[PDB]
Amino acid sequence: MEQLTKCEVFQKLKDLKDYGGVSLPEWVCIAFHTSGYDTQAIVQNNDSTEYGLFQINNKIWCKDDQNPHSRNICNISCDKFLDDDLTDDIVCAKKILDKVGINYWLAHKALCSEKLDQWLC
Ligand SMILES: [Ca+2]
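Count the sequence shown with my numbering and you get residues 20 to 140, in order.
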């Protein structure tokens, strides 16, 4: 695993600032709640696997050995979301937000609405 600090996440996610109207603090909050800042996090379910900081699934967003019949919307191999370069992770996160919305990560819960200044570095 590779856990980052809150400040490292803040700096690394700069390019997501205000994307879709989501402020930087919200992205950091999303990252904390999604993978605890672990860029190598992998979570398995019966029919799918989620990868990295943004926990992008191999059912619709990326392709891996477990599911080669993935829609591969982000057109990339999931293992790409397990390294130190968040560049492609960010490119794909924007698509998820554009397409499904912030609830891909929040699941209808208001986990990143109050005291947002707490997620600032
Ligand atoms: Ca990456």
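All residues carry an ideal CB built from backbone N, CA and C; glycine is no exception.
Residue i CB to nearest heavy atom of ligand 1 below 7 Å
{"i": "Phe100", "result": "yes"}
{"i": "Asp84", "result": "no"}
{"i": "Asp57", "result": "no"}
{"i": "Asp66", "result": "no"}
{"i": "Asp34", "result": "no"}
{"i": "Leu105", "result": "yes"}
{"i": "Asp37", "result": "no"}
{"i": "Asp108", "result": "yes"}
N-terminal and C-terminal residue of the alpha helix (DSSP H) that residue i is part of
{"i": "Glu21", "result": "Premise fails: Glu21 is in no alpha helix (DSSP H) and is neither H nor E."}
{"i": "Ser54", "result": "43-54"}
{"i": "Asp108", "result": "106-118"}
{"i": "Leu125", "result": "122-125"}
Residue from the options whose Cα sits closest to the Cα of residue i
{"i": "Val28", "options": "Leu43, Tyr38, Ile75, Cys81", "result": "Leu43"}
Extent of the continuous beta strand (DSSP E) to which residue i belongs
{"i": "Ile61", "result": "61-63"}
Residue-chain proximity (residue i, chain C), Cβ-Cβ < 8 Å
{"i": "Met20", "result": "Reference to chain C is not applicable here, since this structure consists of a single protein chain."}
Per DSSP, cross-strand counterpart(s) of residue i
{"i": "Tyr70", "result": "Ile61, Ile75"}
{"i": "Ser132", "result": "None; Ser132 has no bridge partner."}
Any non-hydrogen atom of ligand 3 within 7 Å of residue i CB
{"i": "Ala50", "result": "Of the ligands one can find in the structure shown, namely ligand 1, none is ligand 3."}
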